[PDB]
Amino acid sequence: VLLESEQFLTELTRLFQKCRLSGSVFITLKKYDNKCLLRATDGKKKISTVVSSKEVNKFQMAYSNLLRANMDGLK
Amino acid sequence: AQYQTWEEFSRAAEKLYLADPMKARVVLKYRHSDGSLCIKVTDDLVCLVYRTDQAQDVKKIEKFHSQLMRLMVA
Amino acid sequence: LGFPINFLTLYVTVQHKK
Amino acid sequence: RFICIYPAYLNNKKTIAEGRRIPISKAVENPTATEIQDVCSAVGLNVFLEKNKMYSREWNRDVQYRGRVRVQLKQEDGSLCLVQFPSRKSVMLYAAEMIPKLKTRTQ
Amino acid sequence: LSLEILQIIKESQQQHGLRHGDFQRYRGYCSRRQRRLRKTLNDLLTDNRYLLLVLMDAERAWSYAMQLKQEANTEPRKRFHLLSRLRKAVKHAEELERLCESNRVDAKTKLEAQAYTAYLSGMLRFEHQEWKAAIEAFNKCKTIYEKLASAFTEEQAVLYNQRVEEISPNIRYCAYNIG
Amino acid sequence: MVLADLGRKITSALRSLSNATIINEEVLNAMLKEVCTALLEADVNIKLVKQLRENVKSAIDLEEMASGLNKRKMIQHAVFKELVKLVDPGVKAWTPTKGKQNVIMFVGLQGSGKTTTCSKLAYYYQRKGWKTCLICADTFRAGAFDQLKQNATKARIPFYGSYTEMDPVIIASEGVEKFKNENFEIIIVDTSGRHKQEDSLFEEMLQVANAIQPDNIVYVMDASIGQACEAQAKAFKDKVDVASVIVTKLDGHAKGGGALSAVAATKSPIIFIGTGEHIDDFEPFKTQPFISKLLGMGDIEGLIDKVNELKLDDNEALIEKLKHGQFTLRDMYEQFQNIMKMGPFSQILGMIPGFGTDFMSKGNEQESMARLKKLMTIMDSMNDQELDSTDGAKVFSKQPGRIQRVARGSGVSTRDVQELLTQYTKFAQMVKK
RNA sequence: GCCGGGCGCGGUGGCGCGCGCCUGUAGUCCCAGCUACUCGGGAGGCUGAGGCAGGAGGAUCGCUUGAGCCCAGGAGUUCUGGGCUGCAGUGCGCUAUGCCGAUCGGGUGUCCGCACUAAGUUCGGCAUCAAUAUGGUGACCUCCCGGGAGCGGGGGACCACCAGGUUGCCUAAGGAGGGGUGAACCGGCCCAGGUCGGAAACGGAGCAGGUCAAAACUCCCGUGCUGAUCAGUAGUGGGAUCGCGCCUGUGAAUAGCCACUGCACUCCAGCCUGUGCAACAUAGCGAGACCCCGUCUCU
């Protein structure tokens with residue numbers, strides 16, 4: 001079941017937040033069939049969405065910000 | 001197989017997606033409480049895996065996604 | 001001068017009984 | 001011409017050079033010209049007292065220590081006045097002996 | 001115990017005056033030395049310093065009498081004192097010849113003491129002009145000094161020989177008065 | 001009468017006036033009658049008195065001018081100033097000489113003390129400060145020679161007369177030459193002793209005068225004779241214009257005052273009087289003083305004192321060692337000699353209060369003893385510091401045989417030595433207290 | 001007919017069911033208990049799918065032990081090695097400095113109030129005789145003579161010292177020596193002044209002052225005896241190292257660096273104990289399970 005582009009980004013932000021203490025986030029990207037499917041899960045809970053040319057712009061920047069700010073633990 | 005550097009895994013993954021942009025799928029799992037990320041790209045027969053706990057990586061990934069999301073939509 | 005000289009001369013003669 | 005008798009002559013307290021003329025054994029304590037005259041006049045000797053004369057060898061100036069006595073030995077003709085008194089020594093001695101008897105001294 | 005009289009006197013004498021005849025200085029030297037000696041020392045004997053001490057006593061008197069004769073040259077009242085010192089010098093010399101007859105002193109020293117005593121004895125009698133008695137003492141002195149001289153080499157005997165040469169004029173004078 | 005009797009009578013006359021409850025013609029006339037009677041007993045010639053009285057009376061009544069003076073003082077001033085006239089207004093100096101020449105010729109009746117007054121005028125000229133020689137031109141009288149040479153050997157003055165070889169005129173002329181190479185500063189030469197003034201004194205004199213041009217001729221006239229002085233003076237004045245007179249024996253007989261009055265009348269200059277005997281008793285006609293003594297004043301006891309020479313200058317160098325406290329042993333002699341020159345005064349015994357005996361030595365019986373009492377010689381026979389001790393008497397207490405040895409050394413007894421000692425402490429305590 | 005699976009734990013007779021974790025190409029919604037056994041219903045899509053076998057990668061996990069390496073903590077004999085190295089034996093080779101006096105060798109010197117000696121600096125203490133011939137004096141004592149005093153003339157006795165000399169049963173030293181004081185009442189002499197006596201002349205005592213071999217006292221040299229402060233002093237022996245000093249000696253070396261060898265104390269691993277181990281190279285073993293395919297199954 002697909003989620004609206006925006007909603008997707010909120011659930012995702014949430015996944016990361018829940019997995020900080022101790023867990024893992026998985027995000028996968030594949031051509032949908034022009035669109036591309038995007039899925040993410042923490043092991044149990046699973047979220048997905050489809051991003052098109054109609055929406056790549058608003059989405060990339062948002063998605064970009066999400067990944068950058070939430071992957072902090074590294075050296 | 002799992003990879004030790006984002007460099008390899010990237011093309012490895014991108015190439016794999018390329019050779020079948022329809023079966024391939026990419027998942028991401030973040031556990032805040034443990035402080036680690038984990039990207040995996042499968043074909044349901046082939047499986048690539050990257051694990052990290054370095055923040056320096058979240059961007060490298062958010063990018064990868066944003067990259068894969070482009071192919072899927074062109 | 002006339003006073004002492006004359007008065008000492010006087011005072012001496014009286015005091016010295018001989 | 002009478003002769004001279006100074007108390008120094010009869011003083012047992014005086015040495016020779018001080019004027020003593022008779023042996024200490026016969027000399028007297030402190031004869032006074034007065035006493036000398038008083039004993040001489042009382043023997044029949046003609047004598048007079050020269051109260052103020054002073055003996056040349058007498059440093060002292062007091063009274064008990066001065067005066068002179070004069071006695072007549074011979075008489076103008078030559079005869080001694082009293083046979084028992086030839087010389088002066090004779091009188092000196094006679095005096096030296098009689099003064100320690102004067103009542104005024106035995107007192 | 002040992003004491004070499006003639007050598008001692010001859011070296012004391014020459015070092016402190018008698019080179020020029022200054023009997024004052026040398027007598028003084030004898031006096032001071034006698035001070036040191038008694039000070040250090042202060043039953044017959046123990047050491048040989050006692051013998052040195054009495055000799056200094058005889059030396060003092062002797063030197064004095066000699067100073068005196070240079071003086072009585074003009075002051076005959078001193079000649080009386082001269083003869084007294086000299087008679088004293090002999091007294092200490094006899095007293096010395098008395099100490100060296102103790103049997104812990106060698107016979108060489110016995111010889112010196114009786115030769116010294118003879119020398120001074122010679123001098124006193126020579127000053128009293130007792131020509132026979134004096135010449136007896138001078139020959140006695142000469143005889144003993146000659147006895148000492150033979151028992152030693154000529155080098156050791158030099159001192160003794162010059163001393164008999166020394167008293168030979170004295171011997172000569174006595175003779176021409178008993179002629 | 002004499003100095004003392006006219007002095008008292010005159011003094012008494014003066015005195016009543018001082019105690020005056022009012023001064024009136026009457027009182028005047030009686031005080032002037034007492035001083036009239038006074039001069040007449042001194043033999044002052046009665047015409048002389050008369051004249052002088054109405055001089056005083058007129059001065060003292062008609063011209064009664066007391067300008068800032070009391071009536072009494074201006075009376076005293078009258079009776080004073082007129083007596084100084086009566087004995088010659090003022091003092092008649094003898095003239096000293098410059099260069100080397102004064103020839104003075106003595107004349108004198110035998111009886112006056114010419115002979116003694118010659119040597120007394122010798123004494124003066126050694127006081128005045130010249131050398132004077134004696135030509136003894138009187139020849140016969142050889143007692144005159146005797147005394148006059150004796151008087152000359154006592155003082156220091158050459159005397160020339162020798163044994164009777166030559167006549168007077170020639171032993172003058174040879175006397176002047178004998179002392180003209182020896183300084184002829186003054187010669188004193190006397191004519192001899194003649195009986196009277198009647199062609200005996202003067203008839204000779206101007207024979208002696210003609211040899212030596214006389215520079216003053218002095219006539220020694222005896223006060224005793226009183227108012228015969230005038231008949232003498234007359235005669236000498238006339239014959240000799242360069243006469244002076246010397247009036248001798250003022251002591252003695254009561255004609256002294258009228259001896260003075262009478263000569264002073266002539267105008268023959270009185271040059272000296274004799275006050276008595278000793279060599280220094282020859283005063284330079286002090287007639288100002290004498291007449292003061294007469295009226296009195298008296299007084300005359302400060303007068304000789306203050307007037308004298310060692311009194312302004314030489315009442316200093318003694319007078320400091322006095323005032324510091326250098327004892328008196330060094331003042332005894334000075335005061336006994338510096339005054340030894342003697343000038344007689346009543347007050348000599350005024351300091352020492354003691355009414356008892358004389359009384360008459362008022363006077364000089366102290367002077368008469370040859371020296372001035374036996375004090376010098378015990379002074380010499382002390383050691384200098386025995387005196388200089390702050391109490392020399394203390395020294396003769398503590399050691400007793402000092403008073404014997406010093407008595408014997410000086411030649412006194414211990415009694416008279418003891419008198420000096422306590423006398424020193426007597427001057428001391430007196431001054432302290 | 002289909003549209004997840006596994007592992008662990010749990011109520012429980014029992015399982016659906018519940019929870020957590022990982023992962024597969026894979027999910028969504030709504031409502032509720034059947035029921036004594038043992039299993040819910042409905043929606044959306046579809047001939048492709050479900051179950052199991054097998055298999056390369058091994059994406060894939062677990063368990064377990066093994067390699068390899070040793071986790072955590074800790075007494076401790078030594079076979080084995082190590083930490084500091086202990087102990088034993090043996091001495092090579094090299095190098096430098098060596099009678100311009102080295103290890104070895106003798107003697108002595110240096111700061112020295114412990115020996116000797118020079119010149120002693122410089123200060124002291126205690127002492128320094130009598131017999132005699134004669135002359136000198138001073139004092140005293142006893143007389144004779146003259147005389148009016150001061151006093152003068154003459155006979156002796158004694159004491160004191162001095163003098164140039166003569167000598168002694170005398171001395172450790174005994175100079176016939178030098179100077180000073182000799183003063184207020186105690187040396188003598190000359191004594192101004194004063195003083196006493198005196199006709200005078202002069203004399204007597206005698207102060208001040210001056211003077212002396214000759215009253216006493218004291219100091220000085222000379223002299224002996226008796227002591228020496230302290231010897232930044234010189235030359236000869238002694239004393240802590242011999243260092244610095246000097247003279248010479250038999251003799252010809254000495255110093256330094258190390259090497260090899262055996263055994264090992266004490267501690268340590270091989271010891272003891274328990275959660276020794278993740279997966280750094282990789283083990284044994286078991287297995288979930290996709291991907292491909294085998295087999296069975298279907299409105």
# chains A, B, ... in the order shown; residues from 1 in each chain; ligands from 1
$ interface_residues --of "chain F" --to "chain G" --cutoff "9 Å" --atoms "only C-alpha atoms (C1' of nucleotides)" --output "list in words"
residues 377, 378, 380, 381, 383, 401, 405, 408, 409, 410, 411 and 412 of chain F
$ select_by_dssp --residues "chain C" --states "helix (DSSP H, G or I)" --output "MDAnalysis selection string"
chainID C and resid 2:15
$ closest_atom_pairs --of "segment 94-139 of chain E" --to "segment 151-169 of chain E" --cutoff "12 Å" --atoms "only C-alpha atoms" --output "JSON lines"
{"residue": "E:108", "atom": "CA", "partner": "E:151", "partner_atom": "CA", "distance": 9.9}
{"residue": "E:111", "atom": "CA", "partner": "E:151", "partner_atom": "CA", "distance": 11.8}
{"residue": "E:112", "atom": "CA", "partner": "E:160", "partner_atom": "CA", "distance": 10.3}
{"residue": "E:115", "atom": "CA", "partner": "E:160", "partner_atom": "CA", "distance": 10.6}
{"residue": "E:116", "atom": "CA", "partner": "E:163", "partner_atom": "CA", "distance": 11.0}
{"residue": "E:118", "atom": "CA", "partner": "E:167", "partner_atom": "CA", "distance": 11.4}
{"residue": "E:119", "atom": "CA", "partner": "E:167", "partner_atom": "CA", "distance": 8.5}
{"residue": "E:120", "atom": "CA", "partner": "E:167", "partner_atom": "CA", "distance": 11.1}
{"residue": "E:122", "atom": "CA", "partner": "E:167", "partner_atom": "CA", "distance": 9.5}
{"residue": "E:123", "atom": "CA", "partner": "E:167", "partner_atom": "CA", "distance": 9.9}
{"residue": "E:126", "atom": "CA", "partner": "E:167", "partner_atom": "CA", "distance": 11.5}
{"residue": "E:134", "atom": "CA", "partner": "E:167", "partner_atom": "CA", "distance": 11.6}
{"residue": "E:135", "atom": "CA", "partner": "E:168", "partner_atom": "CA", "distance": 10.3}
{"residue": "E:137", "atom": "CA", "partner": "E:167", "partner_atom": "CA", "distance": 10.8}
{"residue": "E:138", "atom": "CA", "partner": "E:167", "partner_atom": "CA", "distance": 7.3}
{"residue": "E:139", "atom": "CA", "partner": "E:168", "partner_atom": "CA", "distance": 9.2}
$ residues_around --residues "segment 70-85 of chain E" --least-positions-apart "3" --cutoff "10 Å" --atoms "only C-alpha atoms (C1' of nucleotides)" --output "ChimeraX atom specification"
/E:21,23,58,60-67,88-91,123-125,127-128 /G:128-129,164-165,167,170-177,222-224
$ write_last_selection --atoms "C-alpha atoms (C1' of nucleotides)" --output "PDB file, in the first residue's frame"
ATOM      1  CA  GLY E  21     133.701  39.953  73.459  1.00  0.00           C
ATOM      2  CA  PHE E  23     129.929  39.307  77.759  1.00  0.00           C
ATOM      3  CA  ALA E  58     128.723  28.728  86.272  1.00  0.00           C
ATOM      4  CA  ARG E  60     126.608  33.325  83.904  1.00  0.00           C
ATOM      5  CA  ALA E  61     128.855  34.195  86.828  1.00  0.00           C
ATOM      6  CA  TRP E  62     131.986  33.635  84.732  1.00  0.00           C
ATOM      7  CA  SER E  63     130.823  35.886  81.906  1.00  0.00           C
ATOM      8  CA  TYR E  64     129.765  38.559  84.379  1.00  0.00           C
ATOM      9  CA  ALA E  65     133.129  38.596  86.127  1.00  0.00           C
ATOM     10  CA  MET E  66     134.588  39.043  82.664  1.00  0.00           C
ATOM     11  CA  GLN E  67     132.296  41.928  81.808  1.00  0.00           C
ATOM     12  CA  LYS E  88     130.687  32.195  92.666  1.00  0.00           C
ATOM     13  CA  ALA E  89     131.522  30.806  89.230  1.00  0.00           C
ATOM     14  CA  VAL E  90     133.768  28.287  90.944  1.00  0.00           C
ATOM     15  CA  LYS E  91     131.085  27.424  93.501  1.00  0.00           C
ATOM     16  CA  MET E 123     141.027  32.139  86.792  1.00  0.00           C
ATOM     17  CA  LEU E 124     140.100  33.072  90.368  1.00  0.00           C
ATOM     18  CA  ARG E 125     143.569  32.466  91.751  1.00  0.00           C
ATOM     19  CA  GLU E 127     142.919  37.323  89.595  1.00  0.00           C
ATOM     20  CA  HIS E 128     143.869  37.144  93.271  1.00  0.00           C
TER      21      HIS E 128
ATOM     22  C1'   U G 128     122.993  41.799  94.032  1.00  0.00           C
ATOM     23  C1'   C G 129     128.578  40.126 100.457  1.00  0.00           C
ATOM     24  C1'   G G 164     140.992  56.235  95.874  1.00  0.00           C
ATOM     25  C1'   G G 165     142.922  51.938  97.528  1.00  0.00           C
ATOM     26  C1'   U G 167     141.608  41.573 100.835  1.00  0.00           C
ATOM     27  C1'   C G 170     132.572  34.978 101.672  1.00  0.00           C
ATOM     28  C1'   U G 171     128.747  34.058  96.689  1.00  0.00           C
ATOM     29  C1'   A G 172     124.190  31.194  92.019  1.00  0.00           C
ATOM     30  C1'   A G 173     125.363  37.016  91.559  1.00  0.00           C
ATOM     31  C1'   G G 174     128.567  40.308  94.656  1.00  0.00           C
ATOM     32  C1'   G G 175     130.455  46.022  89.246  1.00  0.00           C
ATOM     33  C1'   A G 176     135.134  50.501  95.605  1.00  0.00           C
ATOM     34  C1'   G G 177     129.106  51.686  89.310  1.00  0.00           C
ATOM     35  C1'   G G 222     125.690  45.599  84.947  1.00  0.00           C
ATOM     36  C1'   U G 223     124.696  40.477  87.206  1.00  0.00           C
ATOM     37  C1'   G G 224     122.741  35.951  88.573  1.00  0.00           C
TER      38        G G 224
END
$ residues_around --residues "segment 95-109 of chain G" --least-positions-apart "3" --cutoff "7 Å" --atoms "only C-alpha atoms (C1' of nucleotides)" --output "number ranges by chain"
G: 245, 249, 253-254
$ write_last_selection --atoms "C-alpha atoms (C1' of nucleotides)" --output "PDB file, in the first residue's frame"
ATOM      1  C1'   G G 245     106.407  20.190  47.514  1.00  0.00           C
ATOM      2  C1'   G G 249     113.906   3.597  43.354  1.00  0.00           C
ATOM      3  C1'   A G 253     103.414  -1.608  33.076  1.00  0.00           C
ATOM      4  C1'   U G 254      98.835   0.110  33.611  1.00  0.00           C
TER       5        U G 254
END
$ residues_around --residues "residue 16 of chain E" --least-positions-apart "2" --cutoff "7 Å" --atoms "only C-alpha atoms (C1' of nucleotides)" --output "list in words"
residues 12, 13, 14, 18, 25, 26 and 29 of chain E
$ write_last_selection --atoms "N, CA, C and O atoms" --output "CSV table (one decimal), in the first residue's frame"
chain,number,residue,atom,x,y,z
E,12,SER,N,128.3,28.0,72.4
E,12,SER,CA,127.4,29.0,73.0
E,12,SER,C,128.1,30.4,72.9
E,12,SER,O,127.6,31.3,72.4
E,13,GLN,N,129.3,30.4,73.4
E,13,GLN,CA,130.1,31.6,73.6
E,13,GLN,C,130.3,32.3,72.2
E,13,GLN,O,130.1,33.5,72.2
E,14,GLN,N,130.6,31.6,71.2
E,14,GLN,CA,130.9,32.2,69.9
E,14,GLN,C,129.6,32.7,69.2
E,14,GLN,O,129.7,33.7,68.5
E,18,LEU,N,130.7,36.5,72.4
E,18,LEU,CA,132.2,36.5,72.6
E,18,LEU,C,133.0,36.5,71.3
E,18,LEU,O,134.3,36.5,71.4
E,25,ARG,N,125.7,40.3,76.5
E,25,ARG,CA,124.8,39.5,75.7
E,25,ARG,C,124.9,38.0,76.0
E,25,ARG,O,123.9,37.4,76.3
E,26,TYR,N,126.1,37.5,76.0
E,26,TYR,CA,126.3,36.1,76.2
E,26,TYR,C,125.8,35.7,77.6
E,26,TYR,O,125.2,34.6,77.8
E,29,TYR,N,122.2,35.5,77.4
E,29,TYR,CA,121.9,34.3,76.7
E,29,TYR,C,122.0,33.1,77.7
E,29,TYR,O,121.1,32.2,77.6
$ atom_distance --atom1 "atom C1' of residue 87 of chain G" --atom2 "atom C1' of residue 263 of chain G"
8.3 Å
$ closest_atom_pairs --of "chain A" --to "chain G" --cutoff "10 Å" --atoms "only C-alpha atoms (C1' of nucleotides)" --output "tab-separated table"
residue	atom	partner	partner_atom	distance
A:1	CA	G:27	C1'	5.9
A:2	CA	G:27	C1'	9.4
A:23	CA	G:21	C1'	9.6
A:43	CA	G:22	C1'	7.0
A:44	CA	G:22	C1'	9.1
A:46	CA	G:27	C1'	8.9
A:47	CA	G:27	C1'	9.9
$ write_last_selection --atoms "C-alpha atoms" --output "compact mmCIF listing (two decimals), in the first residue's frame"
# COMPACT_ATOMS: atom_id res chain seq x y z
CA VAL A 1 0.00 0.00 0.00
CA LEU A 2 1.37 3.34 -1.17
CA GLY A 23 17.70 -0.42 15.74
CA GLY A 43 12.45 -4.48 10.42
CA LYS A 44 8.75 -4.76 11.26
CA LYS A 46 7.04 -0.91 6.50
CA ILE A 47 6.42 2.31 4.51
$ atom_distance --atom1 "atom CA of residue 94 of chain E" --atom2 "atom CA of residue 7 of chain E"
19.0 Å
$ residues_around --residues "residue 1 of chain C" --least-positions-apart "5" --cutoff "9 Å" --atoms "only C-alpha atoms (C1' of nucleotides)" --output "list in words"
residues 6 of chain C; 311, 312, 313, 315 and 316 of chain F
$ atom_distance --atom1 "atom CA of residue 218 of chain F" --atom2 "atom CA of residue 5 of chain F"
28.6 Å
$ residues_around --residues "segment 153-165 of chain F" --least-positions-apart "2" --cutoff "12 Å" --atoms "only C-alpha atoms (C1' of nucleotides)" --output "NGL selection string"
:F and (118-127 or 130-142 or 144-151 or 167-179 or 182-184 or 186-190 or 278-280)
$ select_by_dssp --residues "chain D" --states "strand (DSSP E)" --output "VMD selection string"
chain D and resid 3 to 5 46 to 50 68 to 72
